[PDB]
Structure formats: structure tokens, C-alpha cells
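Novice: This is upload_17.cif, which holds mmCIF, C-alpha atoms and all ligand atoms:
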data_my_file
loop_
_atom_site.label_atom_id
_atom_site.label_comp_id
_atom_site.auth_asym_id
_atom_site.auth_seq_id
_atom_site.Cartn_x
_atom_site.Cartn_y
_atom_site.Cartn_z
CA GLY A 1 88.05 82.70 79.93
CA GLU A 2 90.64 82.14 77.17
CA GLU A 3 88.11 83.51 74.68
CA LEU A 4 88.48 86.94 76.29
CA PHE A 5 92.11 87.16 75.20
CA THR A 6 92.09 86.50 71.46
CA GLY A 7 92.53 90.15 70.67
CA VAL A 8 94.11 93.31 72.08
CA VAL A 9 92.84 93.96 75.63
CA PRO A 10 93.26 97.29 77.45
CA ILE A 11 94.97 97.03 80.84
CA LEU A 12 94.73 99.19 83.92
CA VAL A 13 96.97 98.84 86.96
CA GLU A 14 96.48 100.58 90.29
CA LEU A 15 98.90 100.08 93.19
CA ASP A 16 98.97 101.52 96.67
CA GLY A 17 102.13 100.82 98.57
CA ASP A 18 103.86 101.50 101.89
CA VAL A 19 107.56 100.63 102.18
CA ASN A 20 109.06 101.31 105.60
CA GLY A 21 106.38 103.90 106.12
CA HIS A 22 107.00 105.58 102.77
CA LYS A 23 103.54 105.61 101.16
CA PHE A 24 103.11 105.86 97.42
CA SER A 25 100.76 105.05 94.52
CA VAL A 26 101.28 103.96 90.95
CA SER A 27 98.84 104.00 88.05
CA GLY A 28 99.48 102.10 84.85
CA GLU A 29 97.76 101.88 81.48
CA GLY A 30 98.45 99.91 78.37
CA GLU A 31 97.42 96.88 76.42
CA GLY A 32 98.06 93.16 76.18
CA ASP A 33 97.92 90.70 73.30
CA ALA A 34 98.18 87.21 74.76
CA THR A 35 98.29 85.67 71.29
CA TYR A 36 101.83 87.06 71.18
CA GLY A 37 102.50 86.98 74.93
CA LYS A 38 102.92 90.69 74.69
CA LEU A 39 102.40 93.54 77.15
CA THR A 40 103.02 97.24 76.75
CA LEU A 41 102.43 99.52 79.71
CA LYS A 42 103.27 102.94 81.09
CA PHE A 43 103.32 103.40 84.85
CA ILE A 44 103.30 106.72 86.70
CA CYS A 45 103.99 107.39 90.35
CA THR A 46 101.01 109.59 91.11
CA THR A 47 102.31 110.77 94.47
CA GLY A 48 105.62 112.19 93.46
CA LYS A 49 108.94 110.40 93.56
CA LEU A 50 108.87 106.65 93.83
CA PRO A 51 110.66 105.65 97.07
CA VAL A 52 111.85 102.32 95.71
CA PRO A 53 113.46 101.46 92.36
CA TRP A 54 111.04 100.80 89.48
CA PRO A 55 112.56 97.39 88.65
CA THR A 56 111.56 96.13 92.12
CA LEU A 57 107.87 96.69 91.19
CA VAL A 58 107.86 95.04 87.75
CA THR A 59 106.67 91.64 88.92
CA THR A 60 103.96 93.15 91.11
CA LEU A 61 102.67 95.51 88.41
CA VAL A 62 98.93 90.13 84.72
CA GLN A 63 100.11 86.65 83.86
CA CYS A 64 96.86 86.10 82.01
CA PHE A 65 98.67 87.75 79.05
CA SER A 66 101.19 84.90 78.87
CA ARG A 67 101.25 83.01 75.58
CA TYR A 68 100.33 79.43 76.25
CA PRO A 69 101.15 77.25 73.25
CA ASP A 70 98.17 75.40 71.86
CA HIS A 71 99.56 72.13 73.24
CA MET A 72 99.57 73.63 76.75
CA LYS A 73 96.20 75.45 76.67
CA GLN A 74 94.75 73.10 79.29
CA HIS A 75 97.34 74.42 81.75
CA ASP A 76 96.43 78.13 81.62
CA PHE A 77 94.93 78.82 85.01
CA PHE A 78 95.14 82.56 84.62
CA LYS A 79 92.80 82.94 81.68
CA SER A 80 90.51 80.23 82.96
CA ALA A 81 89.62 82.30 86.02
CA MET A 82 88.36 85.16 83.85
CA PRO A 83 86.31 87.25 83.82
CA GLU A 84 85.61 86.92 87.56
CA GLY A 85 89.33 86.83 88.18
CA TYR A 86 91.88 85.75 90.70
CA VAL A 87 93.65 86.87 93.82
CA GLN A 88 97.44 86.98 93.44
CA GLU A 89 99.49 87.11 96.62
CA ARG A 90 103.27 87.28 96.93
CA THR A 91 106.05 87.51 99.40
CA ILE A 92 109.11 89.03 97.75
CA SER A 93 112.20 88.61 99.99
CA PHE A 94 115.15 90.76 99.06
CA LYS A 95 118.34 89.01 100.16
CA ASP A 96 120.06 90.77 103.09
CA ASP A 97 117.27 93.34 103.10
CA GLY A 98 113.49 93.79 103.53
CA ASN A 99 110.48 92.13 101.96
CA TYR A 100 107.36 93.11 100.08
CA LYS A 101 104.00 91.41 100.73
CA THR A 102 101.51 91.99 97.92
CA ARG A 103 97.84 91.27 97.48
CA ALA A 104 96.22 91.83 94.07
CA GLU A 105 92.90 91.25 92.42
CA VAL A 106 93.10 90.68 88.67
CA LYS A 107 89.74 90.72 86.89
CA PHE A 108 87.75 92.26 84.04
CA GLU A 109 85.94 95.55 84.49
CA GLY A 110 83.90 95.74 81.31
CA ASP A 111 86.37 95.22 78.43
CA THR A 112 89.41 96.20 80.54
CA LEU A 113 91.72 93.84 82.48
CA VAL A 114 92.41 95.43 85.84
CA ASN A 115 95.17 94.65 88.31
CA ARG A 116 94.54 96.25 91.68
CA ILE A 117 97.32 95.89 94.24
CA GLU A 118 98.23 96.62 97.81
CA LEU A 119 101.97 96.39 98.64
CA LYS A 120 103.54 96.41 102.09
CA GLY A 121 107.26 96.50 102.55
CA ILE A 122 109.01 96.09 105.86
CA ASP A 123 112.49 95.68 107.35
CA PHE A 124 114.32 97.52 104.60
CA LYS A 125 117.76 99.04 105.18
CA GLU A 126 117.79 102.80 104.63
CA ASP A 127 121.22 102.34 103.08
CA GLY A 128 120.43 99.24 101.17
CA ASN A 129 120.04 98.61 97.47
CA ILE A 130 116.28 99.29 97.54
CA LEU A 131 115.77 102.39 99.71
CA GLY A 132 119.22 103.55 98.61
CA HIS A 133 118.29 103.29 94.92
CA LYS A 134 121.31 101.34 93.87
CA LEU A 135 119.61 99.21 91.24
CA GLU A 136 120.06 99.62 87.51
CA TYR A 137 117.10 100.56 85.37
CA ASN A 138 116.79 97.21 83.60
CA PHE A 139 115.23 93.77 84.09
CA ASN A 140 116.70 90.37 83.34
CA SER A 141 115.06 87.50 81.51
CA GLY A 142 113.97 84.68 83.77
CA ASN A 143 111.62 81.70 84.45
CA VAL A 144 108.53 81.54 86.66
CA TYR A 145 107.88 78.00 87.95
CA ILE A 146 104.20 77.10 88.42
CA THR A 147 102.60 74.25 90.24
CA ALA A 148 99.00 73.41 91.02
CA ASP A 149 97.49 74.04 94.42
CA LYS A 150 94.43 71.75 94.19
CA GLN A 151 93.32 72.29 97.77
CA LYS A 152 92.97 76.02 97.09
CA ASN A 153 91.63 75.53 93.56
CA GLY A 154 94.56 77.63 92.42
CA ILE A 155 98.31 77.67 91.73
CA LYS A 156 101.60 78.52 93.39
CA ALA A 157 104.74 79.91 91.83
CA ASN A 158 108.37 80.23 92.90
CA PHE A 159 111.14 82.11 91.19
CA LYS A 160 114.21 84.26 91.81
CA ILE A 161 114.56 87.71 90.29
CA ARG A 162 118.12 89.04 89.97
CA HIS A 163 118.25 92.80 90.06
CA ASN A 164 121.47 94.36 88.78
CA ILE A 165 123.26 96.54 91.32
CA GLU A 166 125.14 99.60 90.05
CA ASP A 167 128.44 98.25 91.33
CA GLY A 168 128.22 95.14 89.15
CA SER A 169 126.72 92.76 91.75
CA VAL A 170 123.18 91.37 92.01
CA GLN A 171 120.32 91.82 94.40
CA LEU A 172 118.26 88.66 94.68
CA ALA A 173 114.49 88.97 95.16
CA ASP A 174 113.00 85.60 96.01
CA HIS A 175 109.35 85.31 94.96
CA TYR A 176 106.76 83.05 96.47
CA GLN A 177 103.31 83.39 94.87
CA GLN A 178 99.81 81.99 95.42
CA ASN A 179 96.84 82.54 93.15
CA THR A 180 93.24 81.59 93.94
CA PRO A 181 90.04 82.22 91.94
CA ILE A 182 87.63 84.89 92.98
CA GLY A 183 84.52 83.20 91.53
CA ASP A 184 83.21 79.76 92.59
CA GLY A 185 83.45 78.21 89.13
CA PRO A 186 85.89 75.88 87.50
CA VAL A 187 89.47 76.73 86.61
CA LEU A 188 92.33 74.90 84.97
CA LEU A 189 94.76 73.33 87.43
CA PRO A 190 98.03 72.97 85.60
CA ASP A 191 100.72 70.40 85.49
CA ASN A 192 104.12 71.72 86.52
CA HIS A 193 105.47 74.15 83.91
CA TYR A 194 107.15 77.55 83.71
CA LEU A 195 106.81 80.95 82.06
CA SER A 196 109.78 82.43 80.23
CA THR A 197 109.91 86.21 80.40
CA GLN A 198 111.80 89.03 78.82
CA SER A 199 111.34 92.66 79.73
CA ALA A 200 112.49 96.07 78.35
CA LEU A 201 112.36 99.17 80.59
CA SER A 202 112.42 102.66 79.07
CA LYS A 203 111.37 106.24 79.50
CA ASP A 204 108.86 108.48 77.78
CA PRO A 205 111.06 111.41 76.74
CA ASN A 206 108.33 113.94 77.27
CA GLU A 207 107.24 112.64 80.67
CA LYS A 208 108.40 114.73 83.62
CA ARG A 209 106.63 112.53 86.16
CA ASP A 210 108.42 109.58 87.81
CA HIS A 211 107.44 106.70 85.54
CA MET A 212 108.33 103.46 83.74
CA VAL A 213 107.55 102.26 80.23
CA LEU A 214 107.54 98.46 80.14
CA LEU A 215 107.52 96.07 77.19
CA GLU A 216 107.23 92.44 78.19
CA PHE A 217 106.97 89.15 76.36
CA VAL A 218 106.00 85.98 78.24
CA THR A 219 105.69 82.41 76.96
CA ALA A 220 104.69 79.21 78.75
CA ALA A 221 106.90 76.21 78.31
CA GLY A 222 107.73 72.92 80.00
CA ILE A 223 105.10 70.50 78.77
CA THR A 224 105.46 68.20 75.75
ZN ZN B 301 108.97 108.92 103.06
ZN ZN B 302 105.69 91.09 84.31
ZN ZN B 303 122.67 105.18 91.64
ZN ZN B 304 125.87 96.49 85.78
#
Would you kindly transcribe this structure into C-alpha cells?
Specialist:
Amino acid sequence: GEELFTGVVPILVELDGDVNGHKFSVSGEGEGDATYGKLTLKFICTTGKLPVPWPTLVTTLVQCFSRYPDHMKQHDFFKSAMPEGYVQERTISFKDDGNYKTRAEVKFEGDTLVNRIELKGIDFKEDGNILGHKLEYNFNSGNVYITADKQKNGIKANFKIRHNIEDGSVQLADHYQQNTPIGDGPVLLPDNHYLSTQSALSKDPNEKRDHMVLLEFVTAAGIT
């Protein structure tokens, strides 16, 4: 699967979500260049106004574009599952608030890497930082800690995202993640390691739709 990522790969993202009964959809398009751990995407809410803050969707909205250093190539599960793909499931628990449960299939459709997601959010506070839109439009750098899940022929990840609240505080979003291959072939089961991420959120000045432009760089580290 790593062979599929030596060049620039078009990406499509499609999400359907329901947060406390507020249904919405997001479509994204862009490209990835895993050689450089680089992603550039534009996401649009196709149903109107997004009912949650864009930063809370960043992690849900293709870790196969991570740059794995040559010395860690044997630990890249994500590319090894391609093209048939993988299922990526998360529970994202927002401290003192609700949670998202996500299910995604990440796979090739022809030359395009597609991330198709269903998101369900429950138990959110109408006056909280998420439904109340009190989060800043930015995204902090962080680490994603990966371990093998041999019994499921996949991986698990754990990490904490810290969303900045407008008043100066932070909204923690605890992430628990499981990935399992869709095809019945072999994959790479990694040693413990992490992914180091940085992300820049912007706007398209001519876009009147509710949207997010995202530039992300991700690099694997942790094994020498
Ligand atoms: Zn609504
Ligand atoms: Zn990301
Ligand atoms: Zn505000
Ligand atoms: Zn601030």
C-alpha cells in the first residue's frame, strides 16, 4: 500500500453527522502528499450552518498521509491497509460535556483516497462550549499515541485534544481510536510510536458557505 502514496493523491471526505438531534453534512476535497506528511483540504457544510465548531471536527475529517521516516516504514499500518482500506472508529469525550462516536471507512476509489464518516453526538449541553460555539477557530499541535491491536489485526490510538475556549481556558476532547482493515490481507502491526501533528485553520475569502480550509503536517516518531 505504501506505493500508492509516493506522489500527490486527491482526497475526498464525506461526513454525515447528528449532534443532539442537529443533523448536518460536510464535504471536503483536497490533496495529500505523504512524502511530506502534508494535507491541504477545504471542507464545506452542505446543509447550511454547522451546528458545532469546526475545530471539533478536525480529527474526524486520513492518517495514511502521515510521513513515516524510512527507519519506521515497517510501522505504517495505515498505508499498508491500502487500497482496500480500513475502518476507523472513535469515541471523542468532551470534558464536562457530550461525546462524539464516529465510524469511518478510509479507502481508495480509483485514484482518490476517500474518507466516509458517520458521526453521532450525544449528551451535549446547549450552553456548553460545543453547542454554544465558544471555541476559537484554531487547532493546537499535539501527539497521537499508537499501539498495535494484534487480535483485531489493527491498531488503537489514544490522545487528548485541547480546544481553546474564547475566555482563555481549554476544552479537553479525549480521543480513543480503533482501526481495523477492511480486506482480509496482511497489514503492518506497529510497535508503540506516535504521530506529531500541526494544523492551520483558515478561510477562503470568497466562500460564503460555512467552511474550513485546513493545512496539516503529520510526522511519525518514537522509534529509533
Ligand atoms: Zn438543529
Ligand atoms: Zn488531521
Ligand atoms: Zn464566540
Ligand atoms: Zn485564547
Novice: Any chance you could tabulate, as a Markdown table, the residues of chain A at most 8 Å from ligand ZN 303 (chain B) with each one's nearest atom pair and distance in Å to one decimal, using only C-alpha atoms and all ligand atoms, in chain and rising number order?
Specialist:
| residue | atom | partner | partner_atom | distance |
| --- | --- | --- | --- | --- |
| A:132 | CA | B:ZN303 | ZN | 7.9 |
| A:133 | CA | B:ZN303 | ZN | 5.8 |
| A:134 | CA | B:ZN303 | ZN | 4.6 |
| A:135 | CA | B:ZN303 | ZN | 6.7 |
| A:136 | CA | B:ZN303 | ZN | 7.4 |
| A:166 | CA | B:ZN303 | ZN | 6.3 |
Novice: Closest to residue 153 in chain A among A:94, A:206, A:224, A:77, using all atoms listed in the file?
Specialist: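 The shortest atom-to-atom distance to residue 153 in chain A comes from A:77.
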Novice: Would you mind listing the residues within 7 Å of ligand ZN 301 (chain B), counting only C-alpha atoms and all ligand atoms, as number ranges by chain?
Specialist: A: 21-23
Novice: Keeping only C-alpha atoms, write the selected residues as a short mmCIF file (atom, residue, chain, number, x, y, z; two decimals), keeping the file's coordinate frame.
Specialist:
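To be explicit, this is the file written out as out-v4.cif:
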data_model
loop_
_atom_site.label_atom_id
_atom_site.label_comp_id
_atom_site.auth_asym_id
_atom_site.auth_seq_id
_atom_site.Cartn_x
_atom_site.Cartn_y
_atom_site.Cartn_z
CA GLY A 21 106.38 103.90 106.12
CA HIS A 22 107.00 105.58 102.77
CA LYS A 23 103.54 105.61 101.16
#
Novice: Kindly give the distance, in Å, that separates CA of residue 99 in chain A and CA of residue 165 in chain A, rounded to a single decimal.
Specialist: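 Going from CA of residue 99 in chain A over to CA of residue 165 in chain A covers 17.2 Å.
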Novice: Just want the 9 Å neighbourhood of residue 116 in chain A, counted on only C-alpha atoms, with same-chain residues fewer than 3 positions away dropped. Output as a ChimeraX atom specification.
Specialist: /A:12-16,61,103-107
Novice: Can you write out the residues you just picked, keeping C-alpha atoms, as an mmCIF file, in the coordinates of the input?
Specialist:
data_model
loop_
_atom_site.group_PDB
_atom_site.id
_atom_site.type_symbol
_atom_site.label_atom_id
_atom_site.label_comp_id
_atom_site.auth_asym_id
_atom_site.auth_seq_id
_atom_site.Cartn_x
_atom_site.Cartn_y
_atom_site.Cartn_z
ATOM 1 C CA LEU A 12 94.730 99.190 83.920
ATOM 2 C CA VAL A 13 96.970 98.840 86.960
ATOM 3 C CA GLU A 14 96.480 100.580 90.290
ATOM 4 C CA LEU A 15 98.900 100.080 93.190
ATOM 5 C CA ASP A 16 98.970 101.520 96.670
ATOM 6 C CA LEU A 61 102.670 95.510 88.410
ATOM 7 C CA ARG A 103 97.840 91.270 97.480
ATOM 8 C CA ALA A 104 96.220 91.830 94.070
ATOM 9 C CA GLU A 105 92.900 91.250 92.420
ATOM 10 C CA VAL A 106 93.100 90.680 88.670
ATOM 11 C CA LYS A 107 89.740 90.720 86.890
#
Novice: Kindly provide, as an MDAnalysis selection string, all nucleotide and amino acid residues lying within 8 Å of ligand ZN 302 (chain B), counting only C-alpha atoms and all ligand atoms.
Specialist: chainID A and resid 58:63 197 199 216 218
Novice: Taking C-alpha atoms for each residue, export the selection above as a PDB file, keeping the file's coordinate frame.
Specialist:
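Final file, selection-v2.pdb:
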ATOM      1  CA  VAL A  58     107.860  95.040  87.750  1.00  0.00           C
ATOM      2  CA  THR A  59     106.670  91.640  88.920  1.00  0.00           C
ATOM      3  CA  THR A  60     103.960  93.150  91.110  1.00  0.00           C
ATOM      4  CA  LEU A  61     102.670  95.510  88.410  1.00  0.00           C
ATOM      5  CA  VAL A  62      98.930  90.130  84.720  1.00  0.00           C
ATOM      6  CA  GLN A  63     100.110  86.650  83.860  1.00  0.00           C
ATOM      7  CA  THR A 197     109.910  86.210  80.400  1.00  0.00           C
ATOM      8  CA  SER A 199     111.340  92.660  79.730  1.00  0.00           C
ATOM      9  CA  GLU A 216     107.230  92.440  78.190  1.00  0.00           C
ATOM     10  CA  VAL A 218     106.000  85.980  78.240  1.00  0.00           C
TER      11      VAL A 218
END
Novice: Taking all atoms listed in the file into account, report as number ranges by chain which residues have an atom no farther than 12 Å from an atom of ligand ZN 304 (chain B).
Specialist: A: 134-140, 162-171
Novice: Show me the residues around (88.6, 90.3, 74.8) - criterion: an atom at most 12 Å away, all atoms listed in the file counted - as a list in words.
Specialist: residues 1, 2, 3, 4, 5, 6, 7, 8, 9, 10, 11, 31, 32, 33, 34, 35, 64, 65, 79, 82, 83, 108, 109, 110, 111, 112 and 113 of chain A
Novice: So what do you get for CA of residue 51 in chain A versus CA of residue 39 in chain A, distance-wise?
Specialist: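 Interatomic distance here is 24.7 Å.
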Novice: Take every atom of range 86-98 of chain A listed in the file, pad by 3 Å on each side, and give me the axis-aligned box centre and edge lengths in Å, one decimal, as lines of an AutoDock Vina configuration file.
Specialist:
center_x = 106.0
center_y = 89.8
center_z = 97.1
size_x = 34.2
size_y = 14.0
size_z = 18.8
